[PDB]
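Chemist: Provided below: my_file-v4.csv, containing CSV, C-alpha atoms and all ligand atoms.
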chain,number,residue,atom,x,y,z
J,11,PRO,CA,-7.0,96.6,63.0
J,12,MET,CA,-9.5,94.0,64.4
J,13,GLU,CA,-11.5,92.2,61.7
J,14,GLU,CA,-15.3,91.4,62.0
J,15,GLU,CA,-16.6,88.2,60.4
J,16,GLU,CA,-20.2,87.1,60.3
J,17,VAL,CA,-21.0,83.5,61.3
J,18,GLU,CA,-24.4,81.8,60.9
J,19,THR,CA,-25.3,78.6,62.9
J,20,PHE,CA,-27.8,76.1,61.6
J,21,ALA,CA,-29.6,73.1,63.0
J,22,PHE,CA,-29.3,69.8,61.1
J,23,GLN,CA,-32.7,68.5,59.9
J,24,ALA,CA,-33.9,66.1,62.6
J,25,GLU,CA,-33.3,62.8,60.8
J,26,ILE,CA,-29.9,64.0,59.5
J,27,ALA,CA,-29.0,64.7,63.2
J,28,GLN,CA,-30.2,61.3,64.2
J,29,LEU,CA,-28.2,59.6,61.5
J,30,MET,CA,-25.1,61.6,62.5
J,31,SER,CA,-25.6,60.5,66.1
J,32,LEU,CA,-26.0,56.8,64.9
J,33,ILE,CA,-22.8,57.0,62.8
J,34,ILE,CA,-20.8,58.5,65.7
J,35,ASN,CA,-22.0,56.5,68.6
J,36,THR,CA,-22.2,53.0,67.1
J,37,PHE,CA,-19.4,50.7,66.2
J,38,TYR,CA,-18.9,50.0,62.5
J,39,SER,CA,-16.4,47.9,60.8
J,40,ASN,CA,-15.5,48.9,57.3
J,41,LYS,CA,-15.1,52.6,58.1
J,42,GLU,CA,-12.7,53.0,55.2
J,43,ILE,CA,-15.5,53.5,52.7
J,44,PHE,CA,-15.7,57.2,53.9
J,45,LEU,CA,-13.0,57.9,51.4
J,46,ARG,CA,-14.9,56.3,48.5
J,47,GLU,CA,-17.8,58.5,49.4
J,48,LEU,CA,-15.9,61.7,49.4
J,49,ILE,CA,-14.0,60.9,46.2
J,50,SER,CA,-17.4,60.1,44.6
J,51,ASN,CA,-18.7,63.5,45.6
J,52,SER,CA,-15.6,65.1,44.1
J,53,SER,CA,-16.0,63.1,40.8
J,54,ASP,CA,-19.7,64.2,40.7
J,55,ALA,CA,-18.7,67.9,41.1
J,56,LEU,CA,-16.1,67.5,38.4
J,57,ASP,CA,-18.7,66.1,36.0
J,58,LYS,CA,-20.9,69.2,36.7
J,59,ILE,CA,-18.3,71.8,35.9
J,60,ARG,CA,-17.1,69.7,32.9
J,61,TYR,CA,-20.6,69.7,31.4
J,62,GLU,CA,-21.3,73.4,32.3
J,63,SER,CA,-18.0,74.4,30.6
J,64,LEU,CA,-19.3,72.9,27.2
J,65,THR,CA,-22.1,75.5,27.0
J,66,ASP,CA,-20.0,78.3,28.7
J,67,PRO,CA,-16.2,77.9,28.5
J,68,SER,CA,-15.6,81.0,30.6
J,69,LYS,CA,-16.8,78.8,33.6
J,70,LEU,CA,-13.2,77.3,33.5
J,71,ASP,CA,-11.6,80.9,33.9
J,72,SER,CA,-11.3,79.8,37.6
J,73,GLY,CA,-9.0,76.8,36.5
J,74,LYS,CA,-9.1,74.4,33.6
J,75,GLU,CA,-7.6,71.3,35.4
J,76,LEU,CA,-10.1,68.8,36.6
J,77,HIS,CA,-8.6,66.6,39.4
J,78,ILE,CA,-8.7,65.4,42.9
J,79,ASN,CA,-5.9,65.8,45.5
J,80,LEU,CA,-5.6,63.9,48.8
J,81,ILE,CA,-3.5,65.6,51.5
J,82,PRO,CA,-2.7,63.7,54.8
J,83,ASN,CA,-1.2,65.8,57.6
J,84,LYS,CA,0.4,63.8,60.3
J,85,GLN,CA,1.2,66.9,62.4
J,86,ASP,CA,-2.3,68.3,62.7
J,87,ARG,CA,-4.1,64.9,62.2
J,88,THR,CA,-6.2,66.0,59.2
J,89,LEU,CA,-6.9,64.3,55.9
J,90,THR,CA,-8.0,66.8,53.2
J,91,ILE,CA,-9.8,65.8,50.0
J,92,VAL,CA,-9.6,68.7,47.4
J,93,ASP,CA,-11.3,68.8,44.0
J,94,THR,CA,-11.6,71.5,41.3
J,95,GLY,CA,-15.2,70.6,40.7
J,96,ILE,CA,-18.2,72.9,40.5
J,97,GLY,CA,-18.1,74.0,44.2
J,98,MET,CA,-21.1,75.1,46.2
J,99,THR,CA,-22.8,78.4,46.6
J,100,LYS,CA,-23.7,79.6,50.1
J,101,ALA,CA,-27.3,78.4,49.4
J,102,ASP,CA,-26.0,75.0,48.2
J,103,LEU,CA,-24.0,74.5,51.3
J,104,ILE,CA,-26.8,75.3,53.6
J,105,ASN,CA,-29.4,73.3,51.7
J,106,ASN,CA,-27.3,70.3,50.6
J,107,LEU,CA,-25.2,69.6,53.7
J,108,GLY,CA,-27.7,69.6,56.4
J,109,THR,CA,-30.9,71.6,56.4
J,110,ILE,CA,-33.0,69.8,53.7
J,111,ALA,CA,-34.5,66.4,54.6
J,112,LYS,CA,-33.1,63.5,52.4
J,113,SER,CA,-35.7,60.9,51.5
J,114,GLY,CA,-33.4,58.0,52.2
J,115,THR,CA,-32.4,58.8,55.7
J,116,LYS,CA,-35.1,56.9,57.5
J,117,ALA,CA,-34.6,53.9,55.3
J,118,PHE,CA,-30.9,53.9,55.9
J,119,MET,CA,-31.2,54.1,59.7
J,120,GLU,CA,-33.7,51.1,59.6
J,121,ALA,CA,-31.2,49.2,57.4
J,122,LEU,CA,-28.3,50.0,59.9
J,123,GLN,CA,-30.4,48.9,62.8
J,124,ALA,CA,-31.2,45.6,61.0
J,125,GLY,CA,-27.3,45.1,60.7
J,126,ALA,CA,-26.4,46.6,57.2
J,127,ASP,CA,-22.8,47.3,56.4
J,128,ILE,CA,-22.1,51.0,56.6
J,129,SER,CA,-20.9,50.7,53.0
J,130,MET,CA,-24.5,50.9,52.0
J,131,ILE,CA,-24.7,54.6,53.0
J,132,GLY,CA,-24.1,55.9,49.4
J,133,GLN,CA,-27.2,54.0,48.2
J,134,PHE,CA,-29.3,56.2,50.5
J,135,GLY,CA,-28.4,59.7,49.4
J,136,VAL,CA,-26.4,60.5,52.6
J,137,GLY,CA,-22.9,59.4,51.7
J,138,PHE,CA,-21.2,62.6,52.9
J,139,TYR,CA,-22.0,61.8,56.5
J,140,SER,CA,-19.7,58.7,56.3
J,141,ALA,CA,-17.0,61.4,57.1
J,142,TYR,CA,-18.1,61.2,60.8
J,143,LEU,CA,-17.0,57.5,60.9
J,144,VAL,CA,-13.5,58.8,61.1
J,145,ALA,CA,-13.6,62.5,61.8
J,146,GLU,CA,-14.6,64.3,65.0
J,147,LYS,CA,-15.0,67.6,63.1
J,148,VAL,CA,-15.4,68.3,59.4
J,149,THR,CA,-14.6,71.5,57.6
J,150,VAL,CA,-15.8,72.1,54.0
J,151,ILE,CA,-14.3,75.0,52.2
J,152,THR,CA,-15.9,75.7,48.8
J,153,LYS,CA,-15.8,78.2,45.9
J,154,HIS,CA,-18.4,78.2,43.2
J,155,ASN,CA,-18.2,80.5,40.2
J,156,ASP,CA,-20.0,83.9,40.9
J,157,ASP,CA,-20.3,83.2,44.7
J,158,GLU,CA,-17.6,83.9,47.3
J,159,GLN,CA,-15.6,81.3,49.1
J,160,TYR,CA,-17.4,79.8,52.2
J,161,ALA,CA,-16.5,77.5,55.1
J,162,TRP,CA,-19.0,75.0,56.5
J,163,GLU,CA,-18.0,73.2,59.7
J,164,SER,CA,-19.6,70.8,62.2
J,165,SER,CA,-18.5,68.7,65.1
J,166,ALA,CA,-22.0,67.1,64.9
J,167,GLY,CA,-24.0,67.6,68.1
J,168,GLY,CA,-26.9,68.9,66.0
J,169,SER,CA,-25.5,72.2,64.5
J,170,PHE,CA,-23.2,73.4,61.8
J,171,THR,CA,-21.8,76.8,60.9
J,172,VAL,CA,-21.3,78.7,57.6
J,173,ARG,CA,-19.1,81.7,57.3
J,174,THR,CA,-17.4,83.6,54.3
J,175,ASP,CA,-13.9,82.1,54.2
J,176,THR,CA,-11.1,84.6,54.7
J,177,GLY,CA,-8.4,81.8,54.4
J,178,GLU,CA,-6.4,80.9,51.3
J,179,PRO,CA,-8.3,81.5,48.1
J,180,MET,CA,-9.2,78.5,45.9
J,181,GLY,CA,-10.0,79.3,42.3
J,182,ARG,CA,-13.0,76.9,42.1
J,183,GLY,CA,-14.0,73.6,43.9
J,184,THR,CA,-14.3,72.1,47.3
J,185,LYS,CA,-11.9,71.0,50.1
J,186,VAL,CA,-13.2,68.6,52.8
J,187,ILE,CA,-10.9,68.7,55.8
J,188,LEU,CA,-11.3,65.7,58.1
J,189,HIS,CA,-10.1,66.3,61.7
J,190,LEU,CA,-9.5,62.7,62.5
J,191,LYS,CA,-10.5,61.0,65.7
J,192,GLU,CA,-7.5,59.7,67.6
J,193,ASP,CA,-8.2,56.0,66.8
J,194,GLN,CA,-8.5,56.7,63.1
J,195,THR,CA,-5.0,57.9,62.3
J,196,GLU,CA,-4.3,55.0,60.0
J,197,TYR,CA,-6.0,57.1,57.3
J,198,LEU,CA,-2.9,59.4,57.4
J,199,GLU,CA,-0.6,56.7,56.2
J,200,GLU,CA,0.2,56.6,52.5
J,201,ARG,CA,0.1,52.9,52.3
J,202,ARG,CA,-3.4,52.8,53.7
J,203,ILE,CA,-4.7,55.6,51.5
J,204,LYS,CA,-3.3,53.8,48.4
J,205,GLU,CA,-4.9,50.5,49.5
J,206,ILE,CA,-8.4,52.0,49.9
J,207,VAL,CA,-8.3,54.1,46.7
J,208,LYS,CA,-7.3,50.9,44.9
J,209,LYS,CA,-10.1,48.9,46.6
J,210,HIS,CA,-12.9,51.3,46.3
J,211,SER,CA,-12.1,54.2,43.9
J,212,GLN,CA,-10.2,52.7,41.0
J,213,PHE,CA,-12.6,53.8,38.2
J,214,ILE,CA,-12.9,57.5,38.9
J,215,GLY,CA,-12.7,59.5,35.5
J,216,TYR,CA,-10.4,62.2,36.9
J,217,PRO,CA,-6.8,62.0,38.1
J,218,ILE,CA,-6.2,61.6,41.8
J,219,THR,CA,-2.8,62.8,43.3
J,220,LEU,CA,-1.8,61.8,46.9
J,221,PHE,CA,0.6,64.4,48.4
J,222,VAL,CA,2.8,63.0,51.1
J,223,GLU,CA,4.8,65.4,53.4
J,224,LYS,CA,8.3,64.2,53.8
J,225,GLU,CA,8.6,62.0,56.9
J,226,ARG,CA,9.6,63.8,60.1
T,301,LIG,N1,-17.0,67.9,46.7
T,301,LIG,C1,-18.3,68.4,46.5
T,301,LIG,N2,-18.5,69.4,45.5
T,301,LIG,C2,-19.7,69.8,45.4
T,301,LIG,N3,-20.9,69.5,46.0
T,301,LIG,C3,-20.6,68.6,46.9
T,301,LIG,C4,-19.4,68.0,47.3
T,301,LIG,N4,-19.6,67.1,48.3
T,301,LIG,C5,-20.9,67.1,48.6
T,301,LIG,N5,-21.6,68.0,47.8
T,301,LIG,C6,-23.0,68.3,47.8
T,301,LIG,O1,-23.5,67.7,49.0
T,301,LIG,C7,-24.7,66.9,48.5
T,301,LIG,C8,-24.8,65.7,49.6
T,301,LIG,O2,-23.7,64.7,49.3
T,301,LIG,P1,-23.9,63.2,49.7
T,301,LIG,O3,-24.4,63.1,51.1
T,301,LIG,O4,-22.7,62.4,49.3
T,301,LIG,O5,-25.1,62.7,48.7
T,301,LIG,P2,-25.2,62.5,47.1
T,301,LIG,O6,-23.7,62.5,46.7
T,301,LIG,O7,-26.1,63.5,46.5
T,301,LIG,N6,-25.7,61.0,46.9
T,301,LIG,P3,-24.8,59.6,47.5
T,301,LIG,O8,-23.5,60.0,48.2
T,301,LIG,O9,-24.6,58.7,46.3
T,301,LIG,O10,-25.6,58.9,48.6
T,301,LIG,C9,-24.4,66.5,47.1
T,301,LIG,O11,-25.5,66.1,46.3
T,301,LIG,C10,-23.8,67.8,46.6
T,301,LIG,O12,-24.8,68.7,46.2
T,302,MG,MG,-22.2,61.4,47.6
Written as structure tokens, that's how I'd like the structure from this file.

Modeler:
Amino acid sequence: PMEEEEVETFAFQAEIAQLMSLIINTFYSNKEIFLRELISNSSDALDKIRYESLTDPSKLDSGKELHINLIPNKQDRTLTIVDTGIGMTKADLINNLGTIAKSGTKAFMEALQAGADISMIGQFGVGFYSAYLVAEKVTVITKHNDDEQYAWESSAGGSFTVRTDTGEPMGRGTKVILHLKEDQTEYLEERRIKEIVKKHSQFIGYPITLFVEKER
């Protein structure tokens, strides 16, 4: 029986779109800091559910372990960052990953134009879009307590989509799937992922596990 699924397509807020275009169409050295930014987001989401669970322990019914997993896939060219943090409601996805203006966007594009290192992006409140230094397409699957599981996706170009996810259930948290550009496949190698976690993410207060598919 054919299934029916609803999709909604949204426009990025105009300066977020301009920043995405700037990130994608300009050369930056130091692209490896995307991983730091995504791990920081996962750590922030883990802090949220940790503190929520102190006032309501049933918020951990959807899984007690608080951790971050990194999953490179050399066959389909994706790098996946999974956490068991708070997750995002449908409204959170829409608001927080693209529709609401961020006050630091303009400042950051001025800084980049003046020659700032792309590493400065976190300072400006727009760290997630560092994913587009290395990824042509990003898919965010997320499950928050008392909302359903949703998938956000964008290949930039000014729009993103949100749909209810009918894929593999996660109990609670967020998975960010980077579909890597062809020249950024270094970030599938275990050595390189270890190097950059050690460089940039060594004081995160939750365990990180790197899962490496047996070499083919
Ligand atoms: N893994 C995640 N779990 C839950 N929410 C997330 C996750 N990643 C991103 N978000 C949300 O997306 C928003 C935008 O993230 P981001 O662009 O990194 O900015 P920020 O983390 O708020 N500040 P910063 O990265 O320090 O510049 C966050 O504030 C969260 O609400
Ligand atoms: Mg961030």

Chemist: Quick one: pull the distance between CA of residue 188 (chain J) and CA of residue 149 (chain J), Å, one decimal.

Modeler: 6.7 Å

Chemist: Nearest residue to residue 104 (chain J) out of J:196, J:158, J:163, J:42, using only C-alpha atoms?

Modeler: J:163

Chemist: Using only C-alpha atoms, pick whichever of J:222, J:190, J:56, J:107 has the shortest atom-to-atom distance to residue 136 (chain J).

Modeler: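 Ranking J:222, J:190, J:56, J:107 by distance to residue 136 (chain J), first place goes to J:107.
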
Chemist: Between chain J and ligand MG 302 (chain T), at 12 Å or less, what are the per-residue closest atom pairs and their distances in Å? Count all atoms listed in the file, order by chain and rising residue number, and return it as a tab-separated table.

Modeler:
residue	atom	partner	partner_atom	distance
J:43	CA	T:MG302	MG	11.5
J:44	CA	T:MG302	MG	10.0
J:45	CA	T:MG302	MG	10.6
J:46	CA	T:MG302	MG	9.0
J:47	CA	T:MG302	MG	5.6
J:48	CA	T:MG302	MG	6.6
J:49	CA	T:MG302	MG	8.3
J:50	CA	T:MG302	MG	5.8
J:51	CA	T:MG302	MG	4.5
J:52	CA	T:MG302	MG	8.3
J:53	CA	T:MG302	MG	9.4
J:54	CA	T:MG302	MG	7.9
J:55	CA	T:MG302	MG	9.8
J:106	CA	T:MG302	MG	10.7
J:107	CA	T:MG302	MG	10.7
J:130	CA	T:MG302	MG	11.6
J:131	CA	T:MG302	MG	9.0
J:132	CA	T:MG302	MG	6.1
J:133	CA	T:MG302	MG	9.0
J:134	CA	T:MG302	MG	9.3
J:135	CA	T:MG302	MG	6.7
J:136	CA	T:MG302	MG	6.6
J:137	CA	T:MG302	MG	4.6
J:138	CA	T:MG302	MG	5.5
J:139	CA	T:MG302	MG	8.9
J:140	CA	T:MG302	MG	9.4
J:141	CA	T:MG302	MG	10.8

Chemist: Would you mind telling me which residue in J:206, J:151, J:198, J:172 lies nearest to ligand LIG 301 (chain T) when using only C-alpha atoms and all ligand atoms?

Modeler: J:151

Chemist: Just checking: using only C-alpha atoms and all ligand atoms, which residue out of J:218, J:121, J:203, J:110 ends up closest to ligand LIG 301 (chain T)?

Modeler: J:110

Chemist: Do you have the CA of residue 211 (chain J)-atom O12 of ligand LIG 301 (chain T) distance handy?

Modeler: 19.4 Å

Chemist: May I ask which of the residues J:170, J:37, J:221, J:213 is the closest one to residue 150 (chain J), counting all atoms listed in the file?

Modeler: J:170

Chemist: Can you put N, CA and C atoms back into region 113-145 of chain J and show it as a PDB file, keeping the file's coordinate frame?

Modeler:
ATOM      1  N   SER J 113     -34.692  61.928  51.407  1.00  0.00           N
ATOM      2  CA  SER J 113     -35.700  60.900  51.500  1.00  0.00           C
ATOM      3  C   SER J 113     -35.219  59.527  51.876  1.00  0.00           C
ATOM      4  N   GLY J 114     -33.893  59.287  51.744  1.00  0.00           N
ATOM      5  CA  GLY J 114     -33.400  58.000  52.200  1.00  0.00           C
ATOM      6  C   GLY J 114     -32.949  57.832  53.610  1.00  0.00           C
ATOM      7  N   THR J 115     -32.940  58.935  54.369  1.00  0.00           N
ATOM      8  CA  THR J 115     -32.400  58.800  55.700  1.00  0.00           C
ATOM      9  C   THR J 115     -33.018  57.825  56.632  1.00  0.00           C
ATOM     10  N   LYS J 116     -34.343  57.795  56.616  1.00  0.00           N
ATOM     11  CA  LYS J 116     -35.100  56.900  57.500  1.00  0.00           C
ATOM     12  C   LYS J 116     -34.842  55.448  57.128  1.00  0.00           C
ATOM     13  N   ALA J 117     -34.929  55.190  55.804  1.00  0.00           N
ATOM     14  CA  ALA J 117     -34.600  53.900  55.300  1.00  0.00           C
ATOM     15  C   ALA J 117     -33.223  53.451  55.689  1.00  0.00           C
ATOM     16  N   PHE J 118     -32.260  54.391  55.582  1.00  0.00           N
ATOM     17  CA  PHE J 118     -30.900  53.900  55.900  1.00  0.00           C
ATOM     18  C   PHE J 118     -30.748  53.630  57.436  1.00  0.00           C
ATOM     19  N   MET J 119     -31.343  54.408  58.331  1.00  0.00           N
ATOM     20  CA  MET J 119     -31.200  54.100  59.700  1.00  0.00           C
ATOM     21  C   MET J 119     -31.883  52.758  60.032  1.00  0.00           C
ATOM     22  N   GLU J 120     -33.014  52.458  59.382  1.00  0.00           N
ATOM     23  CA  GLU J 120     -33.700  51.100  59.600  1.00  0.00           C
ATOM     24  C   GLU J 120     -32.712  50.014  59.107  1.00  0.00           C
ATOM     25  N   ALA J 121     -32.057  50.249  57.975  1.00  0.00           N
ATOM     26  CA  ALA J 121     -31.200  49.200  57.400  1.00  0.00           C
ATOM     27  C   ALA J 121     -30.038  49.009  58.401  1.00  0.00           C
ATOM     28  N   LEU J 122     -29.464  50.065  58.968  1.00  0.00           N
ATOM     29  CA  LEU J 122     -28.300  50.000  59.900  1.00  0.00           C
ATOM     30  C   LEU J 122     -28.670  49.228  61.144  1.00  0.00           C
ATOM     31  N   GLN J 123     -29.806  49.595  61.686  1.00  0.00           N
ATOM     32  CA  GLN J 123     -30.400  48.900  62.800  1.00  0.00           C
ATOM     33  C   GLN J 123     -30.582  47.417  62.634  1.00  0.00           C
ATOM     34  N   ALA J 124     -30.967  47.040  61.418  1.00  0.00           N
ATOM     35  CA  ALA J 124     -31.200  45.600  61.000  1.00  0.00           C
ATOM     36  C   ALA J 124     -29.801  44.955  60.700  1.00  0.00           C
ATOM     37  N   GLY J 125     -28.688  45.685  60.836  1.00  0.00           N
ATOM     38  CA  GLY J 125     -27.300  45.100  60.700  1.00  0.00           C
ATOM     39  C   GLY J 125     -26.595  45.357  59.298  1.00  0.00           C
ATOM     40  N   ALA J 126     -27.080  46.319  58.497  1.00  0.00           N
ATOM     41  CA  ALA J 126     -26.400  46.600  57.200  1.00  0.00           C
ATOM     42  C   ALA J 126     -24.984  47.079  57.415  1.00  0.00           C
ATOM     43  N   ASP J 127     -24.137  46.751  56.426  1.00  0.00           N
ATOM     44  CA  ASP J 127     -22.800  47.300  56.400  1.00  0.00           C
ATOM     45  C   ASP J 127     -22.929  48.787  56.118  1.00  0.00           C
ATOM     46  N   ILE J 128     -22.046  49.555  56.778  1.00  0.00           N
ATOM     47  CA  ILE J 128     -22.100  51.000  56.600  1.00  0.00           C
ATOM     48  C   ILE J 128     -21.777  51.423  55.166  1.00  0.00           C
ATOM     49  N   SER J 129     -21.077  50.539  54.440  1.00  0.00           N
ATOM     50  CA  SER J 129     -20.900  50.700  53.000  1.00  0.00           C
ATOM     51  C   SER J 129     -22.130  51.067  52.205  1.00  0.00           C
ATOM     52  N   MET J 130     -23.261  50.634  52.712  1.00  0.00           N
ATOM     53  CA  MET J 130     -24.500  50.900  52.000  1.00  0.00           C
ATOM     54  C   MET J 130     -24.952  52.362  52.039  1.00  0.00           C
ATOM     55  N   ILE J 131     -24.240  53.216  52.752  1.00  0.00           N
ATOM     56  CA  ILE J 131     -24.700  54.600  53.000  1.00  0.00           C
ATOM     57  C   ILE J 131     -24.901  55.397  51.636  1.00  0.00           C
ATOM     58  N   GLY J 132     -24.047  55.137  50.665  1.00  0.00           N
ATOM     59  CA  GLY J 132     -24.100  55.900  49.400  1.00  0.00           C
ATOM     60  C   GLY J 132     -25.446  55.618  48.695  1.00  0.00           C
ATOM     61  N   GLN J 133     -25.900  54.380  48.829  1.00  0.00           N
ATOM     62  CA  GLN J 133     -27.200  54.000  48.200  1.00  0.00           C
ATOM     63  C   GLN J 133     -28.345  54.892  48.675  1.00  0.00           C
ATOM     64  N   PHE J 134     -28.203  55.513  49.840  1.00  0.00           N
ATOM     65  CA  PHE J 134     -29.300  56.200  50.500  1.00  0.00           C
ATOM     66  C   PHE J 134     -29.328  57.702  50.381  1.00  0.00           C
ATOM     67  N   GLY J 135     -28.380  58.285  49.647  1.00  0.00           N
ATOM     68  CA  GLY J 135     -28.400  59.700  49.400  1.00  0.00           C
ATOM     69  C   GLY J 135     -27.766  60.534  50.482  1.00  0.00           C
ATOM     70  N   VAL J 136     -26.985  59.865  51.359  1.00  0.00           N
ATOM     71  CA  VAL J 136     -26.400  60.500  52.600  1.00  0.00           C
ATOM     72  C   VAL J 136     -24.919  60.188  52.748  1.00  0.00           C
ATOM     73  N   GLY J 137     -24.292  59.827  51.618  1.00  0.00           N
ATOM     74  CA  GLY J 137     -22.900  59.400  51.700  1.00  0.00           C
ATOM     75  C   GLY J 137     -21.975  60.372  52.411  1.00  0.00           C
ATOM     76  N   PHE J 138     -22.228  61.710  52.324  1.00  0.00           N
ATOM     77  CA  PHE J 138     -21.200  62.600  52.900  1.00  0.00           C
ATOM     78  C   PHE J 138     -21.073  62.329  54.402  1.00  0.00           C
ATOM     79  N   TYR J 139     -22.148  61.945  55.095  1.00  0.00           N
ATOM     80  CA  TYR J 139     -22.000  61.800  56.500  1.00  0.00           C
ATOM     81  C   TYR J 139     -21.146  60.607  57.012  1.00  0.00           C
ATOM     82  N   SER J 140     -20.718  59.769  56.073  1.00  0.00           N
ATOM     83  CA  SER J 140     -19.700  58.700  56.300  1.00  0.00           C
ATOM     84  C   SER J 140     -18.364  59.416  56.857  1.00  0.00           C
ATOM     85  N   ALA J 141     -18.156  60.730  56.514  1.00  0.00           N
ATOM     86  CA  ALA J 141     -17.000  61.400  57.100  1.00  0.00           C
ATOM     87  C   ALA J 141     -16.900  61.263  58.613  1.00  0.00           C
ATOM     88  N   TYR J 142     -18.046  61.173  59.287  1.00  0.00           N
ATOM     89  CA  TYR J 142     -18.100  61.200  60.800  1.00  0.00           C
ATOM     90  C   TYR J 142     -17.784  59.783  61.331  1.00  0.00           C
ATOM     91  N   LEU J 143     -17.606  58.789  60.459  1.00  0.00           N
ATOM     92  CA  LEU J 143     -17.000  57.500  60.900  1.00  0.00           C
ATOM     93  C   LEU J 143     -15.561  57.706  61.418  1.00  0.00           C
ATOM     94  N   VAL J 144     -14.855  58.634  60.744  1.00  0.00           N
ATOM     95  CA  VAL J 144     -13.500  58.800  61.100  1.00  0.00           C
ATOM     96  C   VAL J 144     -13.064  60.124  61.628  1.00  0.00           C
ATOM     97  N   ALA J 145     -13.921  61.113  61.420  1.00  0.00           N
ATOM     98  CA  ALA J 145     -13.600  62.500  61.800  1.00  0.00           C
ATOM     99  C   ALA J 145     -14.480  62.987  62.981  1.00  0.00           C
TER     100      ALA J 145
END
